[PDB]
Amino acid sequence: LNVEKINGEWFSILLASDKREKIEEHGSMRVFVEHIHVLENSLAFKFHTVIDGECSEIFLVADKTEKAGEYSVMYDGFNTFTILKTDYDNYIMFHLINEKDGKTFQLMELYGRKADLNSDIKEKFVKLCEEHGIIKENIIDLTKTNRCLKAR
């Protein structure tokens, strides 16, 4: 991975978790990326989220950990994540582990450089989720939800 090439604007496409409530409509992880800015030791993210039906912004900075390719950020507990796959110019797939109260769950996300991705890429992401124990029923196609596109 050449992490500088993930810089810029992205859209949240598919959102998946082995703890489904976290990504349901009022869940803390139901967030919609707008950009990723690559810094020397970190990644700076801007997201939107819906709070009581209203779009709202979330800004996070994730720092490199001592494990190559891994980043950490505090948000509803302690999160670590990695980049599983990307072609830089169309898609990126993230894998995240949240810890809170000594309990963990996984989050996987598919972002696109455009507001949608084709079925081939989506199905490949679904299979990768299943490879992590994230079942098909726990993958949400955010293009059929409020992603706060109007707020971008």
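All residue numbers are counted from 1 along the displayed sequence.
Student: Which has the higher mean CA temperature factor in the PDB entry, 60 to 68 or 97 to 105?
Tutor: In the deposited entry, the stretch with the higher C-alpha B-factor mean is 60 to 68.
Student: Out of 106 to 114 and 37 to 45, which one has CA B-factors that are higher on average in the deposited record?
Tutor: Looking at the record's C-alpha B-factors, the answer is 37 to 45.
Student: If you rank every modelled residue in this chain by C-alpha B factor, which third holds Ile83: lowest, middle or highest?
Tutor: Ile83: CA B-factor falls in the middle third of its chain.
Student: Could you look up the Cα B-factor of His26 in the entry and say which third of the chain it sits in: lowest, middle or highest?
Tutor: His26: CA B-factor falls in the highest third of its chain.
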